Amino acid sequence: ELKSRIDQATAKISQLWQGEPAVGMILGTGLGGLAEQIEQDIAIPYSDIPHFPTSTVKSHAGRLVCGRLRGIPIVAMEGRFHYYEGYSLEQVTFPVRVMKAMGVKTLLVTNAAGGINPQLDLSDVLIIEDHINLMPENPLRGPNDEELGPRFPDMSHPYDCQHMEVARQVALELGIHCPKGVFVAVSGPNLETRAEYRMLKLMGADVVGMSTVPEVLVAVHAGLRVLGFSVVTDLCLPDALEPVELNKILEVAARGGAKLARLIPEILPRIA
């Protein structure tokens, strides 16, 4: 069933690209600008790959970019799939399985997030150090295939210690402040209330988003090393909370994206 769908997706991709990627990449809302850094051999539309969904959130372009960044073979999802769209988490996380099958060792994931920690600034890039999953579904529910990963994956260090060390070293070299923090995943699609933001803060979250955790969960099950970043697109201070609109979010995401466009190319040669 699952691994057979994985094998078919990868069998096809091999026929469109002879590359063996070291790093797999997932790029978030308003962060699609990052693909411009890649020397692209091929862009594979999601339809040409057996068992792939559809990207419908604005700014998510929806295609599989294959090539090289600083001479490091890579595969990048420019635009992702979201639970709030109506995709199952199996559908959301299938591209991760495919990256594993292609032979990537590391998944880099980026997203746009609300800043709950008051020490954050607008357009900060945060290094994800840990997460809290508050989504009402889990991508590993179902029969487990031990050829894919264990029944009970350990989550004591889902974000690679060595990768984040490198990410910090680069940030400092570039003179960029990248704080580390905890990412909380919620379903969406609505934004949070004032009272929900107070609760998430109390529970330990520094940023909140509607993605990423499902993919991280699947990456860890599959034995991939993870580096995640959040761009703080809006501030979520419940005692001074302003209405958020998608277009402002995309603007601030672009400024954070400019910073990742500096960081990521310096990071990749140092982690692979």
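Start at 1 and count along the sequence shown; that's the residue number.
Stretches 255-263 and 10-18 differ in mean C-alpha B factor, with the higher average recorded for 10-18.
Here the stretch with the larger average CA B-factor, out of 69-77 and 185-193, is 69-77. Across the options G204, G223, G33, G209, the residue with the most elevated CA B-factor in the record is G33. Considering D234, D48, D239, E215 together, the PDB entry gives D48 the largest C-alpha B factor.
Ranked by C-alpha B-factor against the other modelled residues of its chain, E90 falls in the middle third. When all modelled residues of the chain are sorted by CA temperature factor, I26 is found within the middle third. The entry lists a Cα temperature factor for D130 that places it in the lowest third of the chain's modelled residues.
In the PDB entry, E165 places in the middle third of its chain by CA B-factor. For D154, the recorded CA B-factor ranks within the lowest third of the chain. Only modelled residues enter the ranking.
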